[PDB]
Amino acid sequence: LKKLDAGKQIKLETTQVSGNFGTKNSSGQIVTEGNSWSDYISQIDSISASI
Amino acid sequence: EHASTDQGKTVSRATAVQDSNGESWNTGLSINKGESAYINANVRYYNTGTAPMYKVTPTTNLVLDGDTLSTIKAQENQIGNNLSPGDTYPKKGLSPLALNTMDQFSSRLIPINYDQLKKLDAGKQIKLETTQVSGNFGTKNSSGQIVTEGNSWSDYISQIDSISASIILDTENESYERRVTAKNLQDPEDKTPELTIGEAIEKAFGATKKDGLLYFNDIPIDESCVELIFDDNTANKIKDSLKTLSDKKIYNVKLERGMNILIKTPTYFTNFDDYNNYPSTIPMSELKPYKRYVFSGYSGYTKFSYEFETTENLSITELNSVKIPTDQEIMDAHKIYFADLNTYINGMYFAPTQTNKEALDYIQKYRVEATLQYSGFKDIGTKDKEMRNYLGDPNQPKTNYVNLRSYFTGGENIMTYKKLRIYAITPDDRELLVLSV
Amino acid sequence: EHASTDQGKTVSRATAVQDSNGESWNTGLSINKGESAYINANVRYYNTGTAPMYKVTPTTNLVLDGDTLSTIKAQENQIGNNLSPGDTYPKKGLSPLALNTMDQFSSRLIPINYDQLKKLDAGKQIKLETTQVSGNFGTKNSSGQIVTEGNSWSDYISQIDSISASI
Amino acid sequence: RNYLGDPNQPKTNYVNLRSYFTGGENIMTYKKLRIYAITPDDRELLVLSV
């Protein structure tokens with residue numbers, strides 16, 4: 001706190017994010033529960049070039 | 001707060017012979033400066049869409065000036081089980097529901113700071129913003145039983161918003177919001193039929209045709225009888241597309257994705273043919289007290305749309321309404337100072353003024369070269385500022401404070417009326433001299 | 001409140017020779033201006049419709065003047081297992097059930113302010129408004145056993161209200 | 001603040017002169033003092049003059 005009130009600033013860094021994607025079930029209804037992105041993040045990053 | 005009061009009595013005797021009696025009264029007050037108050041807000045949901053929403057769980061903000069005090073999701077106490085189109089939870093004729101719990105199990109109350117409370121008691125208002133809303137929709141299972149569990153609207157919100165154009169209608173404080181599918185002309189495989197603005201309007205709001213214009217129920221909602229409001233992109237698209245057509249009407253432009261069309265129905269409107277809603281041929285008593293209006297009409301044929309305000313096809317329509325400091329500024333911001341005497345020197349304030357706030361806030365890490373008692377003029381290190389109250393007065397603001405007692409002295413006292421130098425150090429590692437004795 | 005009381009007794013001696021002894025009394029009272037009281041309300045549900053509603057879980061408000069003090073959903077302690085048409089929970093001949101818990105696990109009591117308490121002790125009354133009521137209905141599964149879990153009335157309330165005239 | 005320092009009296013507008021941008025000096029009595037009330041419309045009026 002003594003550092004904070006003397007002018008220093010707190011920086012916020014996002015280490016990771018989580019979230020689901022949408023897909024069709026046996027019916028025509030979109031379901032986005034249990035379809036995580038962390039399963040495909042590494043696989044996509046391992047075979048792709050970032051632009 | 002914590003208000004406490006006391007009252008006592010005393011009986012004593014001594015020995016000549018002495019006697020004594022007395023009493024006392026006390027009263028106290030304790031305040032926590034981290035959670036000095038709890039805010040309770042009475043909210044009330046409403047629906048202007050097309051479909052009902054079961055288990056309404058909205059998220060709301062609470063902003064004081066620009067500071068978001070908290071964002072609270074609706075717990076079990078503040079969930080609306082049903083919300084029909086045009087309805088309200090709680091229903092009309094019921095008091096608003098309170099939202100005074102912050103955690104997930106409604107076991108904690110929303111706190112506010114001490115400075116936030118001081119702002120609140122001085123007249124400032126807390127606004128509420130609905131960032132998002134969660135809810136379910138109903139569908140039929142294998143049997144004839146409606147199931148509204150596991151079906152969510154957040155799955156389809158983005159998909160609906162991505163391929164639809166939003167249209168709104170005011171009609172005297174009864175808002176209607178609809179989304180209409182728009183065809184993508186850059187995709188040869190998009191087979192959605194093309195619609196003009198007129199067809200989209202007559203489909204979304206269920207308007208009817210009698211002569212060629214559109215009537216909602218009885219009000220005319222044609223482009224020449226109402227006020228059409230677009231954003232920048234929609235206006236640009238309409239302007240570009242108008243010059244290509246032949247009859248040159250707004251209701252003939254092809255619908256496109258992302259368009260934002262708002263339709264406002266005038267309160268008073270006459271066409272000299274079948275409508276005259278004016279109360280004269282106006283001594284107030286119908287116009288709202290403090291609100292800005294617009295008077296418009298047609299006179300080729302064009303519209304002028306002059307504007308006026310209240311103090312207490314002619315129609316009258318409503319409307320809705322780094323700076324890095326320089327060296328000289330830094331040197332001048334430290335011109336007024338006070339010496340915290342004992343009589344040896346203990347510190348040095350830097351007085352606040354209406355102009356030196358930014359320059360004082362910019363500077364940290366004062367460097368001091370003072371004259372000690374037994375030793376002589378020497379550097380005594382570089383320490384940070386302290387940000388204490390001015391002159392020790394609790395009313396005065398907080399200013400830069402150079403705590404000379406904590407500098408690298410040998411425990412000796414700093415002499416008065418001797419050589420003293422204070423060098424302010426900017427974040428760019430460029431130092432300037434702000435004090436000299 | 002927190003009422004406190006003390007009572008002392010002092011014996012002394014000094015040296016001529018001085019002897020002195022006495023006593024003292026004290027009493028205090030501390031109040032919190034944020035939660036200065038707890039309100040307990042005795043409520044009683046009733047049914048005037050046509051079908052029974054199992055697991056009655058109503059939501060109620062508590063208004064003083066225009067201020068909604070709290071809105072509390074029925075916890076496990078205040079859930080009616082059965083409510084037949086024309087019946088009442090608790091049944092006729094039983095005392096009303098208390099509603100004095102605000103959180104989800106019945107671990108917190110309903111607080112009121114200091115100005116609200118000052119209003120309350122001056123004669124003003126707290127009104128109760130039932131905003132909504134939850135509950136289940138019963139049907140038959142693949143067997144002959146009635147199951148009333150997962151079936152809700154909130155799915156059909158709006159659909160029934162949208163195509164019907166109330167009498 | 002509470003009126004006249006009495007806990008019974010209601011809460012009224014209070015102009016805390018000690019916290020204004022003074023140089024720590026005392027505000028003299030029976031001298032020229034002007035207090036301007038500022039409306040939210042940024043229109044000011046003179047409510048006290050001495």
# chains A, B, ... in the order shown; residues from 1 in each chain; ligands from 1
call {"tool": "residues_around", "arguments": {"residues": "segment 7-12 of chain A", "least_positions_apart": "2", "cutoff": "10 Å", "atoms": "only C-alpha atoms", "output": "ChimeraX atom specification"}}
result
/A:1-5,14-15 /B:361-365,384-387
call {"tool": "write_last_selection", "arguments": {"atoms": "C-alpha atoms", "output": "PDB file, in the first residue's frame"}}
result
ATOM      1  CA  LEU A   1       0.000   0.000   0.000  1.00  0.00           C
ATOM      2  CA  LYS A   2       2.863   2.395   0.769  1.00  0.00           C
ATOM      3  CA  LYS A   3       4.226   1.660  -2.701  1.00  0.00           C
ATOM      4  CA  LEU A   4       0.773   2.162  -4.232  1.00  0.00           C
ATOM      5  CA  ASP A   5       0.171   5.581  -2.685  1.00  0.00           C
ATOM      6  CA  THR A  14      -4.008 -12.208 -18.831  1.00  0.00           C
ATOM      7  CA  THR A  15      -2.234 -15.551 -18.489  1.00  0.00           C
TER       8      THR A  15
ATOM      9  CA  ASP B 361       1.503  13.676  -8.790  1.00  0.00           C
ATOM     10  CA  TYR B 362       4.078  13.233 -11.572  1.00  0.00           C
ATOM     11  CA  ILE B 363       7.147  13.418  -9.306  1.00  0.00           C
ATOM     12  CA  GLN B 364       8.347  10.646  -6.986  1.00  0.00           C
ATOM     13  CA  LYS B 365      11.671   9.659  -5.422  1.00  0.00           C
ATOM     14  CA  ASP B 384      10.104   7.939  -2.049  1.00  0.00           C
ATOM     15  CA  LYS B 385       7.426  10.479  -1.187  1.00  0.00           C
ATOM     16  CA  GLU B 386       4.999   9.873   1.669  1.00  0.00           C
ATOM     17  CA  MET B 387       1.646  11.423   0.614  1.00  0.00           C
TER      18      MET B 387
END
call {"tool": "select_by_dssp", "arguments": {"residues": "segment 10-131 of chain C", "states": "strand (DSSP E)", "output": "ChimeraX atom specification"}}
result
/C:10-11,20-32,37-38,41-43,45-46,54-63,68-73,88-89,97-99,111-112,127-131
call {"tool": "interface_residues", "arguments": {"of": "chain D", "to": "chain B", "cutoff": "9 Å", "atoms": "only C-alpha atoms", "output": "list in words"}}
result
residues 13, 16, 18, 19, 20, 21, 22, 23 and 24 of chain D
call {"tool": "residues_around", "arguments": {"residues": "residue 82 of chain C", "least_positions_apart": "6", "cutoff": "12 Å", "atoms": "only C-alpha atoms", "output": "PyMOL selection string"}}
result
chain C and resi 45-47+51-57+88-91+135-138+148
call {"tool": "write_last_selection", "arguments": {"atoms": "C-alpha atoms", "output": "JSON list (two decimals), in the first residue's frame"}}
result
[["chain", "number", "residue", "atom", "x", "y", "z"],
["C", 45, "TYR", "CA", -49.77, -19.99, 1.88],
["C", 46, "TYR", "CA", -53.10, -20.86, 0.28],
["C", 47, "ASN", "CA", -54.44, -22.26, -2.99],
["C", 51, "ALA", "CA", -54.74, -28.34, -9.30],
["C", 52, "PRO", "CA", -52.39, -29.13, -6.41],
["C", 53, "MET", "CA", -48.87, -27.70, -6.41],
["C", 54, "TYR", "CA", -46.12, -29.80, -4.86],
["C", 55, "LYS", "CA", -42.99, -28.23, -3.34],
["C", 56, "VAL", "CA", -44.37, -24.72, -2.97],
["C", 57, "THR", "CA", -41.46, -22.26, -3.18],
["C", 88, "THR", "CA", -53.64, -24.17, 3.16],
["C", 89, "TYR", "CA", -50.06, -24.68, 4.35],
["C", 90, "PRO", "CA", -49.82, -25.01, 7.33],
["C", 91, "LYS", "CA", -53.23, -26.73, 7.39],
["C", 135, "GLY", "CA", -43.77, -25.60, -7.70],
["C", 136, "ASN", "CA", -44.07, -28.96, -9.41],
["C", 137, "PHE", "CA", -46.88, -31.09, -10.81],
["C", 138, "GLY", "CA", -47.29, -34.87, -10.97],
["C", 148, "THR", "CA", -43.09, -34.90, -9.51]]
call {"tool": "residues_around", "arguments": {"residues": "residue 267 of chain B", "least_positions_apart": "4", "cutoff": "12 Å", "atoms": "only C-alpha atoms", "output": "number ranges by chain"}}
result
B: 170-173, 219-220, 225-227, 276-279, 286-288, 293-296, 314-319
call {"tool": "atom_distance", "arguments": {"atom1": "atom CA of residue 230 of chain B", "atom2": "atom CA of residue 168 of chain B"}}
result
10.6 Å
call {"tool": "closest_residue", "arguments": {"among": "B:15, B:181, B:131, B:328", "to": "chain C", "atoms": "only C-alpha atoms"}}
result
B:15
call {"tool": "residues_around", "arguments": {"residues": "residue 2 of chain D", "least_positions_apart": "3", "cutoff": "9 Å", "atoms": "only C-alpha atoms", "output": "JSON list (two decimals) with N, CA, C and O atoms, in the first residue's frame"}}
result
[["chain", "number", "residue", "atom", "x", "y", "z"],
["D", 5, "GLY", "N", -24.63, 21.00, 15.16],
["D", 5, "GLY", "CA", -24.02, 19.96, 15.97],
["D", 5, "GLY", "C", -24.97, 19.22, 16.88],
["D", 5, "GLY", "O", -24.52, 18.49, 17.76],
["D", 6, "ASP", "N", -26.28, 19.40, 16.69],
["D", 6, "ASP", "CA", -27.27, 18.74, 17.53],
["D", 6, "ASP", "C", -27.68, 17.42, 16.90],
["D", 6, "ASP", "O", -28.15, 17.42, 15.76],
["D", 7, "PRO", "N", -27.52, 16.29, 17.59],
["D", 7, "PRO", "CA", -27.93, 15.01, 16.99],
["D", 7, "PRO", "C", -29.41, 14.91, 16.69],
["D", 7, "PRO", "O", -29.81, 14.09, 15.86],
["D", 8, "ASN", "N", -30.25, 15.72, 17.35],
["D", 8, "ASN", "CA", -31.68, 15.69, 17.09],
["D", 8, "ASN", "C", -32.05, 16.39, 15.79],
["D", 8, "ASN", "O", -32.97, 15.95, 15.09],
["D", 9, "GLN", "N", -31.34, 17.47, 15.45],
["D", 9, "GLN", "CA", -31.67, 18.25, 14.26],
["D", 9, "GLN", "C", -31.39, 17.45, 12.99],
["D", 9, "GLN", "O", -30.57, 16.52, 13.00],
["D", 10, "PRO", "N", -32.07, 17.78, 11.89],
["D", 10, "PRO", "CA", -31.82, 17.06, 10.63],
["D", 10, "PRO", "C", -30.46, 17.38, 10.03],
["D", 10, "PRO", "O", -29.67, 18.13, 10.61],
["D", 11, "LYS", "N", -30.18, 16.81, 8.86],
["D", 11, "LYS", "CA", -28.92, 17.02, 8.16],
["D", 11, "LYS", "C", -29.11, 18.10, 7.09],
["D", 11, "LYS", "O", -30.05, 18.03, 6.30],
["D", 12, "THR", "N", -28.20, 19.08, 7.08],
["D", 12, "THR", "CA", -28.31, 20.24, 6.21],
["D", 12, "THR", "C", -27.02, 20.40, 5.40],
["D", 12, "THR", "O", -26.01, 19.75, 5.67],
["D", 13, "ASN", "N", -27.08, 21.28, 4.41],
["D", 13, "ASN", "CA", -25.89, 21.60, 3.63],
["D", 13, "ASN", "C", -24.85, 22.28, 4.51],
["D", 13, "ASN", "O", -25.16, 23.18, 5.28],
["D", 14, "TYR", "N", -23.60, 21.83, 4.38],
["D", 14, "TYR", "CA", -22.50, 22.37, 5.17],
["D", 14, "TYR", "C", -21.34, 22.67, 4.25],
["D", 14, "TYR", "O", -20.93, 21.82, 3.46]]
call {"tool": "interface_residues", "arguments": {"of": "chain B", "to": "chain C", "cutoff": "6 Å", "atoms": "only C-alpha atoms", "output": "ChimeraX atom specification"}}
result
/B:1-15,77,90,98,105-107
call {"tool": "write_last_selection", "arguments": {"atoms": "N, CA and C atoms", "output": "compact mmCIF listing (two decimals), in the first residue's frame"}}
result
# COMPACT_ATOMS: atom_id res chain seq x y z
N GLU B 1 -22.18 1.98 11.33
CA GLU B 1 -21.51 2.68 12.42
C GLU B 1 -21.65 1.85 13.68
N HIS B 2 -21.04 2.33 14.77
CA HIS B 2 -21.14 1.70 16.08
C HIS B 2 -21.24 2.82 17.12
N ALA B 3 -22.46 3.18 17.48
CA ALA B 3 -22.70 4.20 18.48
C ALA B 3 -22.79 3.55 19.85
N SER B 4 -21.93 3.99 20.77
CA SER B 4 -21.89 3.46 22.12
C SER B 4 -22.07 4.59 23.12
N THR B 5 -22.71 4.28 24.24
CA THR B 5 -22.92 5.24 25.31
C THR B 5 -22.70 4.56 26.66
N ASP B 6 -22.22 5.34 27.62
CA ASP B 6 -21.92 4.84 28.96
C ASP B 6 -22.45 5.82 30.00
N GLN B 7 -22.57 5.32 31.23
CA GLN B 7 -22.95 6.14 32.37
C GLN B 7 -22.58 5.39 33.64
N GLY B 8 -21.87 6.06 34.55
CA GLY B 8 -21.37 5.41 35.74
C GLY B 8 -21.61 6.25 36.98
N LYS B 9 -21.31 5.65 38.13
CA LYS B 9 -21.40 6.31 39.43
C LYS B 9 -20.20 5.89 40.26
N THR B 10 -19.78 6.76 41.18
CA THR B 10 -18.62 6.51 42.01
C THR B 10 -18.92 6.92 43.44
N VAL B 11 -18.61 6.04 44.39
CA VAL B 11 -18.75 6.32 45.82
C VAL B 11 -17.42 5.99 46.48
N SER B 12 -16.91 6.92 47.28
CA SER B 12 -15.60 6.75 47.91
C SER B 12 -15.58 7.45 49.26
N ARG B 13 -14.59 7.09 50.07
CA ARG B 13 -14.38 7.70 51.37
C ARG B 13 -12.92 7.54 51.74
N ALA B 14 -12.44 8.43 52.61
CA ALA B 14 -11.05 8.43 53.03
C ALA B 14 -10.97 8.76 54.52
N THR B 15 -9.75 8.87 55.02
CA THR B 15 -9.52 9.16 56.43
C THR B 15 -8.19 9.89 56.63
N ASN B 77 -32.75 -15.22 -5.15
CA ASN B 77 -33.78 -14.31 -4.66
C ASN B 77 -34.27 -13.36 -5.75
N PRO B 90 -41.12 -7.51 -11.11
CA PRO B 90 -42.47 -7.95 -10.71
C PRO B 90 -43.55 -7.33 -11.59
N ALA B 98 -35.61 -5.99 -4.51
CA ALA B 98 -34.34 -5.48 -4.01
C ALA B 98 -33.19 -6.36 -4.47
N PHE B 105 -24.36 -17.00 -2.61
CA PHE B 105 -25.38 -17.59 -1.75
C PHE B 105 -26.15 -16.55 -0.95
N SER B 106 -26.09 -15.28 -1.37
CA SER B 106 -26.85 -14.20 -0.74
C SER B 106 -26.51 -14.06 0.74
N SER B 107 -25.24 -14.25 1.08
CA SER B 107 -24.77 -14.15 2.45
C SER B 107 -23.94 -12.89 2.71
call {"tool": "atom_distance", "arguments": {"atom1": "atom CA of residue 284 of chain B", "atom2": "atom CA of residue 312 of chain B"}}
result
8.3 Å
call {"tool": "closest_residue", "arguments": {"among": "A:41, A:6, A:27, A:13", "to": "chain B", "atoms": "only C-alpha atoms"}}
result
A:6
call {"tool": "select_by_dssp", "arguments": {"residues": "segment 27-184 of chain B", "states": "helix (DSSP H, G or I)", "output": "number ranges by chain"}}
result
B: 76-78, 114-120, 154-162
call {"tool": "write_last_selection", "arguments": {"atoms": "C-alpha atoms", "output": "PDB file, in the first residue's frame"}}
result
ATOM      1  CA  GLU B  76     -31.967 -17.168  -6.409  1.00  0.00           C
ATOM      2  CA  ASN B  77     -33.780 -14.308  -4.663  1.00  0.00           C
ATOM      3  CA  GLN B  78     -33.745 -12.085  -7.774  1.00  0.00           C
ATOM      4  CA  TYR B 114     -15.675   6.007   2.684  1.00  0.00           C
ATOM      5  CA  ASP B 115     -14.930   8.440  -0.144  1.00  0.00           C
ATOM      6  CA  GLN B 116     -17.688   6.812  -2.204  1.00  0.00           C
ATOM      7  CA  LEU B 117     -20.109   7.333   0.691  1.00  0.00           C
ATOM      8  CA  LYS B 118     -18.952  10.951   0.992  1.00  0.00           C
ATOM      9  CA  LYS B 119     -19.720  11.354  -2.711  1.00  0.00           C
ATOM     10  CA  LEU B 120     -23.121   9.711  -2.227  1.00  0.00           C
ATOM     11  CA  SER B 154     -26.701 -17.217 -25.164  1.00  0.00           C
ATOM     12  CA  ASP B 155     -26.113 -19.963 -27.737  1.00  0.00           C
ATOM     13  CA  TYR B 156     -28.242 -18.141 -30.323  1.00  0.00           C
ATOM     14  CA  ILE B 157     -27.705 -14.493 -29.320  1.00  0.00           C
ATOM     15  CA  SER B 158     -24.533 -14.079 -31.387  1.00  0.00           C
ATOM     16  CA  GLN B 159     -25.871 -16.090 -34.331  1.00  0.00           C
ATOM     17  CA  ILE B 160     -29.038 -13.977 -34.451  1.00  0.00           C
ATOM     18  CA  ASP B 161     -27.116 -10.711 -34.098  1.00  0.00           C
ATOM     19  CA  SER B 162     -24.653 -11.647 -36.853  1.00  0.00           C
TER      20      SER B 162
END
call {"tool": "residues_around", "arguments": {"residues": "residue 46 of chain D", "least_positions_apart": "3", "cutoff": "12 Å", "atoms": "only C-alpha atoms", "output": "list in words"}}
result
residues 33, 34, 35, 36, 37, 38, 39, 43, 49 and 50 of chain D
call {"tool": "write_last_selection", "arguments": {"atoms": "C-alpha atoms", "output": "tab-separated table (two decimals), in the first residue's frame"}}
result
chain	number	residue	atom	x	y	z
D	33	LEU	CA	-16.71	36.66	2.29
D	34	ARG	CA	-18.59	35.43	-0.78
D	35	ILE	CA	-20.14	31.98	-1.26
D	36	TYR	CA	-21.38	31.00	-4.73
D	37	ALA	CA	-23.76	28.07	-5.17
D	38	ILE	CA	-23.25	26.11	-8.40
D	39	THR	CA	-26.18	24.33	-10.03
D	43	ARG	CA	-24.92	28.24	-13.57
D	49	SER	CA	-22.24	37.88	1.00
D	50	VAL	CA	-20.50	39.59	3.92
call {"tool": "residues_around", "arguments": {"residues": "residue 39 of chain A", "least_positions_apart": "5", "cutoff": "12 Å", "atoms": "only C-alpha atoms", "output": "list in words"}}
result
residues 18, 19, 20, 21, 34, 44 and 45 of chain A
